[PDB]
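Notes follow once the structure below has been shown.
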Amino acid sequence: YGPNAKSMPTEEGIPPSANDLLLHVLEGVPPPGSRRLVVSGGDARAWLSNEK
Amino acid sequence: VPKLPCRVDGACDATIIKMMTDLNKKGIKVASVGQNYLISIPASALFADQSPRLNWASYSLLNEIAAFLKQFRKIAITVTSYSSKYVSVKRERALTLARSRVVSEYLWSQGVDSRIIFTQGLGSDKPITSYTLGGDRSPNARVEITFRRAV
Amino acid sequence: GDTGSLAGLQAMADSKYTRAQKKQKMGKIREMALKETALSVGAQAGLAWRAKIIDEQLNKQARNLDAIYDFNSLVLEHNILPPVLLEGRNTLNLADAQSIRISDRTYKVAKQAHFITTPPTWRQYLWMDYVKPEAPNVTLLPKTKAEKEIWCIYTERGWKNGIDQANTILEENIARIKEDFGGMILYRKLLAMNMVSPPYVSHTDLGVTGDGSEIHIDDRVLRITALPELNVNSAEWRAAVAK
Amino acid sequence: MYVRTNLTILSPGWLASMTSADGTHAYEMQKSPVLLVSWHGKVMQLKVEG
Amino acid sequence: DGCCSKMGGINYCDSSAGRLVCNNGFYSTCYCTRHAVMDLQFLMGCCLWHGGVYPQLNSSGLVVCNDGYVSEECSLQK
Amino acid sequence: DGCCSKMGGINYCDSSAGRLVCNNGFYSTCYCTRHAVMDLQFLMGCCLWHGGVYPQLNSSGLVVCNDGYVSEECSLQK
Amino acid sequence: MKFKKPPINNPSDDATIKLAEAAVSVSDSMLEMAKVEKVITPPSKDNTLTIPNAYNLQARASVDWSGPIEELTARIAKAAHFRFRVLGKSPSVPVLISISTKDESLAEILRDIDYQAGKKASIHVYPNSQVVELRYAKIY
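Protein chains in written order, with our numbering: chain A, 1388 to 1439; chain B, 10 to 160; chain C, 245 to 487; chain D, -2 to 47; chain E, 1267 to 1344; chain F, 1267 to 1344; chain G, 5 to 144.
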C-alpha cells in the first residue's frame, strides 16, 4: 500500500473466549488492584477491578 | 445495621416454645429431630366419624396451627392422613385423601410462606399400634404434618 | 369593584380607600416570598410520600406483574430477544395545499433484535426511586396566623402537585412497558402471519484449541447473521380465518 | 477453502471474514461441500464436489 | 434483646449460617453476620435498575444516572 | 361542599371516571380529577382561535398574535 | 326507604386502576393472538402418551415456584419415589419457569412444566422402570 492508501479492507476474526481473571474470581482470589465490596442480604462476594 | 434486620419479622422463640408447650399440653403431638419437625393431630378432634366434614370450632385449632407454622422458614410441607379400616381400601384411601386436600387448601388459604405442599392419605395402611379395637376414636386415626426447617 | 365599575370608581374617589390601599401595600409586598418556599417544600413532601406509598403498593402486588409478563416465553430459541414493532391504521398526511398522501396501514421496526442473557423484568421500568428527605429548610418564618395558614395551604397544594407529578411519571413508565410488550406480541403475530422474515443465526464449531499453557475444550461461536425485517412479497402472505 | 465472493455465507459458520469497500468478501471456510447463500432475502443451496 | 429468651441463653453464633445457636439445642431467629439470608424486597436510593447514581458534582440539582437516565424523581423542582 | 352528603360518605376517587364514589354504591355529583368531563362554555384570555398571544416584547401596547392577527380589545388603547 | 347498590368494597388505588386498564388490553391482545395462532397451526398429537398416569402419582400438591427447573423436578422425583435421569449438557443460559398453581396432580404438573419449557428440554417417565428422565435440547 502507498501512503495515499487510506482505504483498508476490514477483517473480523474469532471473538475472544473469556476473561482469565474470572478463573481467579471463581476460585475466590480477587484480581490484583481490585477493590473490596460490601455484600448484603446473602452469602456472596464481589469486587471492582476495571470498574466492572 | 439498624436498617438491616436484626431478626426474622414476627419472631420470638419464647413464644414459639410457649405455644409448642401449650399444644403438647392440649394433646397435640409435637416432634423435633434436628431441624426436621412433625406434628400429629388426632382425626377425631377435627372431623366427624368417617366423613370429611369439619367442626365449626375446629377453625380455632387450625388458626392456632397456622399461627405456629408462620414462625418458621420453610420450603416443602407434607401432610399425610391415616384412618381406621371400615369398608374397603378404596373408601378409606379416598377419605384420607379428601381430608388431606381440605386441610391443605385451608393451610394454603392462610398466608404461610412455603413453596411446595404435598398431600396424601393411606387409610388404615400403616397402624401405629397392635390395638385396633376402637373406631375413629382410636389413636391410629391421625393426620401428620412434616417438614424440615430451612437454616 | 371593577364589575360595577362606575360605583367602584366613585368609591375609589373617596380618600378612605386611598388610605386603605396603603395598608394593602405591605400585604401585597410581603406576600410572594412565602408561597414559593411553601410550594417547593410541599412538592418535595408530596412527591416523596406518594412515591413511597406507590412503591409499597407495587411491592404489595408484585406477584401478578411477574405472572402477566413472561418475556421468557417470547425469547426465541437462540436466546435472542424478538424485535419491537409498531403499526398504524388509516394513515394520512397533509403536508401543504394541493398535496395529500394517505395510506391504509404502516409498520415500523423500533428496536432491532439482538442477543440477551436474562429476560427483562417490570422492575426495570415501574420501580420508582425513594429517598426520604431529611432537610427542612426555612428561609423565613410566617409571623402572623394568617401567613402561617396560607403557608400551610400552599404546602398542601404543593403536596397535591407532587402527587400528580408522581402519577404522571408512573403513567409514562406504564405506557413505556406496555409499548414494549405490544411490540413483542405484534412481532409474534406477524411472524405467525408470515409478513416478517425470521432471523437467522449461525453456529461455528471447533474442537480443542490453544497452546500448551491455555486450552479450551469445545470452541463454539454463535453469531446472528440475518436480522428479521418486513418482506414486500405480497403473494407469499397467508390469510387467516375464525370460527 | 478460501472463497472470494460478492455474496455472503449464512448457515455453517465462519472463521475469517475479510470485506472490502466495493463489496468483495473473502471467507475462510472449513471443508464442507454444501453451502447456503442468502441472495437479497431468498436462500438457495450450492453443492461443490472435487 | 433476648434472642434465646426463655431458653438456655446464647451459646455462640455460627457464621456459616449467620445464625446464633443457643445454649439449648436450637437456632435463634436473630441474625449475627451480614452474609446471611435476609428477605429484602424493598430498597432506597436513586438510579436503581440503572448504572447507579453518577458520582460527579453537578452544579445544578439535576441528577442523571450513569447509563444516561435522568433521575427526575430525585431531582429538584420549582 | 358535601359531595356524598346525606349518604354513607365519600369512599374514593374513581380516576377512570374522574368521579367520587359514595359509600353507598353511587357516583357523586362532584368530580375529583382534571381529566374528566367539565362542560364549560366560557373562556378567558385573548388571541383566541389563533396562534396564541405572542410573547415578544413590544414598545407600545399593541399585542400581535402568533398567527399575525392583532387583538385590539386586548391591546392598550388611547 | 334508603337506597343502595350491592358491590361495595374497601377503597381502591389509582395506580392499580391504571395497571388493570393496561392489562385488560394486554390480555385481550394475547387472547386474540392465541386464537389466530391456534386456528393457523394444526395440532398433531398430545404429550399424555409420553407422560402417562399410574398409581403413586395421584398424590396432590400445591406449588409456587419461580426458579430453575432442576431443584423443583428433583423435589417432585423425591415425592414420586422415582429415579432421576439427566440427558445432555446443561446449557450456559439457564432455563427458568415460573409456576403458580393450586391442587394439581403430578402428571399435569409435569405436562405444564414440559409445555412451558418447550424447545429447551423434554421430559419422559417410564413407570415400569420407575424412572423420570429429562433431556436437554441437542442444539447449537
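For every residue, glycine included, the Cβ atom is placed at its ideal position computed from N, Cα and C.
Exercise. Taking the C-alpha atoms as reference points, what is the distance between G/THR77 and G/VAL67?
Worked result: Here residue 77 of chain G is taken as the residue at index 73 of the seventh sequence, counted from 1. Here residue 67 of chain G is taken as the residue at index 63 of the seventh sequence, counted from 1. Here the C-alpha atom of G/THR77 lies approximately 12 Å from the C-alpha atom of G/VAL67.
Exercise. Which word fits C/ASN323, buried or exposed, when buried means at least 16 other C-beta atoms lie within 10 angstroms of its C-beta?
Worked result: For this step, residue 323 of chain C is matched to residue 79 along the third sequence. Burial call: buried.
For this session: Please confirm if E/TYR1297 has its CB atom under 8 Å from at least one CB of chain B.
Result: Within the fifth sequence, residue 1297 of chain E is the residue found at index 31, counting from 1. At least one C-beta of chain B is nearer than 8 Å to the C-beta of E/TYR1297.
Exercise. Where B/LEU63 and G/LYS93 are concerned, what is the direct C-alpha to C-alpha distance, given to the nearest angstrom?
Worked result: One-based indexing of the second sequence puts residue 63 of chain B at position 54. One-based indexing of the seventh sequence puts residue 93 of chain G at position 89. Roughly 51 Å separates the two Cα atoms.
Exercise. Under three-state DSSP, which class holds B/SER118?
Worked result: Taking the first residue of the second sequence as 1, we reach residue 118 of chain B at position 109. Here B/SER118 carries a helix assignment [DSSP, helix/strand/coil].
Exercise. F/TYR1278 touches chain G at which residues, Cβ-Cβ below 8 Å?
Worked result: Locating residue 1278 of chain F in the sixth sequence gives position 12, counting from the first residue. Per Cβ cutoff of 8 Å: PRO15 and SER16.
For this session: Using alpha carbons as the reference points, say which of G/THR20, G/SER96 and G/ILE101 lies closest to G/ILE143.
Result: The count along the seventh sequence starts at 1 and reaches residue 143 of chain G at position 139. The shortest Cα separation from G/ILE143 among G/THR20, G/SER96 and G/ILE101 belongs to G/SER96.
Problem set entry | Cβ neighbour criterion (16 or more within 10 Å) applied to E/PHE1308 | Counting from one through the fifth sequence, the residue named residue 1308 of chain E turns up at place 42. A residue is called buried when at least 16 other Cβ atoms come within 10 angstroms of its Cβ; E/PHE1308 does not meet this threshold and is exposed.
For this session: Assuming E/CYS1312 contacts C/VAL375 (C-beta within less than 8 Å), just tell me the rounded distance between them.
Result: Taking the first residue of the fifth sequence as 1, we reach residue 1312 of chain E at position 46. Taking the first residue of the third sequence as 1, we reach residue 375 of chain C at position 131. Between E/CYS1312 and C/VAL375 a beta carbon distance of about 6 Å is seen, short of the 8 Å cut, so the two are scored as contacting.
Problem set entry | Within chain G, the residues that C/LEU414 reaches when beta carbons sit closer than 9 Å | For the purposes of this step, residue 414 of chain C is taken as residue 170 along the third sequence, with counting starting at 1. Within chain G, the residues whose beta carbon sits less than 9 Å from that of C/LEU414 are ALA19 and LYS22, listed in sequence order.
Problem set entry | Within-8 Å CB hit, E/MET1310 to chain C | On the fifth sequence, position 44 is the one that residue 1310 of chain E refers to. The beta carbon of E/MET1310 falls within 8 Å of a beta carbon belonging to chain C, placing the residue at that interface.
Problem set entry | chain G residues whose Cβ lies nearer than 9 Å to that of F/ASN1332 | Indexing the sixth sequence from 1 puts residue 1332 of chain F at position 66. Against chain G, the beta carbon of F/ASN1332 has no neighbour under 9 Å; the closest one sits roughly 35 Å away.
Exercise. Name the chain D residues whose beta carbon is nearer than 7 Å to that of C/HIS447?
Worked result: In the third sequence, residue 447 of chain C corresponds to position 203, counting from 1. Simply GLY10.
Exercise. Whole beta strand (DSSP E) runs in the stretch 81 to 111 of chain B with 3 or more residues, listed along the chain?
Worked result: Listed in chain order, the complete beta strand (DSSP E) runs (minimum 3 residues) inside the stretch 81 to 111 of chain B are 85 to 91.
Problem set entry | DSSP three-state assignment for B/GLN129, whether helix, strand or coil | Along the second sequence, one-based indexing puts residue 129 of chain B at 120. Three-state DSSP puts B/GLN129 in a strand.
Exercise. If contact means a Cβ-Cβ distance below 7 Å, which residues of the stretch 445 to 476 of chain C contact chain A?
Worked result: Taking 7 Å as the Cβ-Cβ cut-off against chain A, the residues of the stretch 445 to 476 of chain C that qualify are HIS460 and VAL465.
Exercise. List, in order along the chain, the chain C residues whose C-beta lies closer than 7 Å to that of residue 1363 of chain E?
Worked result: Limits of chain E in this structure are 1267 at one end and 1344 at the other, which puts residue 1363 of chain E out of reach.
For this session: Pull out every residue of the stretch -2 to 24 of chain D whose Cβ sits closer than 9 Å to any Cβ of chain A, in chain order.
Result: Within the stretch -2 to 24 of chain D, those residues whose Cβ lies closer than 9 Å to any Cβ of chain A are, in chain order, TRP11, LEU12, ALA13, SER14, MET15, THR16, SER17, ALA18, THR21 and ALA23.
Problem set entry | Residues within the stretch 41 to 69 of chain G neighbouring chain B, beta-carbon criterion of under 7 Å | Within the stretch 41 to 69 of chain G, contact with chain B at the beta-carbon level (separation under 7 Å) is assigned to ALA63, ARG64, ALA65, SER66, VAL67, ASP68 and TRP69.
Exercise. Of all Cβ atoms in chain C, is any one closer than 8 Å to the Cβ of D/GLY38?
Worked result: Locating residue 38 of chain D in the fourth sequence gives position 41, where the first residue counts as 1. By this cut-off, D/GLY38 is an interface position.
For this session: Return the CA-CA distance between A/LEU1413 and A/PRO1419, expressed in angstroms with no decimal places.
Result: Position 26 of the first sequence, counted from the start, is the residue given in the question as residue 1413 of chain A. Position 32 of the first sequence, counted from the start, is the residue given in the question as residue 1419 of chain A. If you draw a straight line from the Cα of A/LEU1413 to the Cα of A/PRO1419, it comes to about 14 Å.
Problem set entry | Start and end residues, alpha helix (DSSP H) containing C/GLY332 | If you number the third sequence from 1, residue 332 of chain C lands on position 88. Careful: C/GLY332 lies outside any alpha helix (DSSP H), inside the beta strand (DSSP E) at 328 to 340.
For this session: Decide yes or no for the touch test of the stretch 76 to 91 of chain B against the stretch 18 to 34 of chain B: beta carbon pairs closer than 8 Å, at least 3 of them.
Result: Counting Cβ pairs under 8 Å, three or more are found: they touch.
Exercise. Which value, in whole angstroms, describes the spacing of the CA atoms of G/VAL129 and B/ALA85?
Worked result: To locate residue 129 of chain G, count along the seventh sequence from 1; it is residue 125. To locate residue 85 of chain B, count along the second sequence from 1; it is residue 76. Annotation: G/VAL129 to B/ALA85 spans about 23 Å, alpha carbon to alpha carbon.
Exercise. Is there a Cβ from chain G that is less than 8 Å from the Cβ of C/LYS422?
Worked result: Residue numbering aside, residue 422 of chain C sits at position 178 when the third sequence is read from its first letter. Output row for C/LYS422: interface = yes.
Exercise. Going by DSSP, which residues form a beta bridge with F/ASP1280?
Worked result: Mapped onto the sixth sequence, residue 1280 of chain F falls at position 14. Its beta-bridge partners are F/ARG1285.
Exercise. Short check: CB of F/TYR1293 to CB of F/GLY1284, under 8 Å?
Worked result: Residue mapping note: residue 1293 of chain F aligns to position 27 of the sixth sequence, counting from 1. Residue mapping note: residue 1284 of chain F aligns to position 18 of the sixth sequence, counting from 1. No; because the gap between Cβ atoms is not below 8 Å, this pair is not in contact.
Problem set entry | chain G contact residues for B/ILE126, given Cβ-Cβ distances below 8 Å | Stepping through the second sequence from its first residue, residue 126 of chain B is reached at position 117. Those are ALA65, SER66 and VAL67, listed as they occur along chain G.
Exercise. Of all the options F/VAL1287, F/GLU1339 and F/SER1281, which has the alpha carbon lying nearest to the alpha carbon of F/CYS1269?
Worked result: Here residue 1269 of chain F corresponds to residue number 3 of the sixth sequence, with the count starting at 1. For F/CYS1269, the closest C-alpha among the options F/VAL1287, F/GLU1339 and F/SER1281 is that of F/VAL1287.
For this session: Closer than 9 Å by beta-carbon distance: list the chain C residues that pair up with A/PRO1402, in chain order.
Result: Counted from its first residue, the first sequence places residue 1402 of chain A at position 15. Within 9 Å Cβ-Cβ: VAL465 and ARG467.
Problem set entry | Cβ of B/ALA85 within 8 Å of any chain G Cβ | Sequence index remark: in the second sequence, residue 85 of chain B carries index 76 (1-based). Between B/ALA85 and chain G, the shortest Cβ-Cβ separation is below 8 Å.
Exercise. Can you name the start and end residues of the beta strand (DSSP E) that G/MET37 belongs to?
Worked result: Here residue 37 of chain G refers to the residue found at position 33 when the seventh sequence is read from its first residue. Segment 18 to 44 is the alpha helix (DSSP H) holding G/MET37; no beta strand (DSSP E) there.
Exercise. At a CB-CB cut-off below 8 Å, which residues of chain B make contact with residue 1354 of chain E?
Worked result: With chain E covering 1267 to 1344 only, the question about residue 1354 of chain E has no answer from this structure.
Exercise. Going by Cα to Cα distance, which pick from B/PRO61, B/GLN44 and B/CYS21 is closest to B/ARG108?
Worked result: Numbered from 1 along the second sequence, position 99 holds the residue referred to as residue 108 of chain B. Looking at the Cα atoms, B/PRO61 is the closest of the given residues.
Problem set entry | Own chain residues within Cβ distance below 6 Å of G/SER70, not counting five before or after | By 1-based counting over the seventh sequence, the position of residue 70 of chain G is 66. These residues qualify, in order along the chain: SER102.
Exercise. How big is the Cα-Cα spacing for C/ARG432 and B/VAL152?
Worked result: To locate residue 432 of chain C, count along the third sequence from 1; it is residue 188. To locate residue 152 of chain B, count along the second sequence from 1; it is residue 143. CA-to-CA, the gap between C/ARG432 and B/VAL152 works out to about 50 Å.
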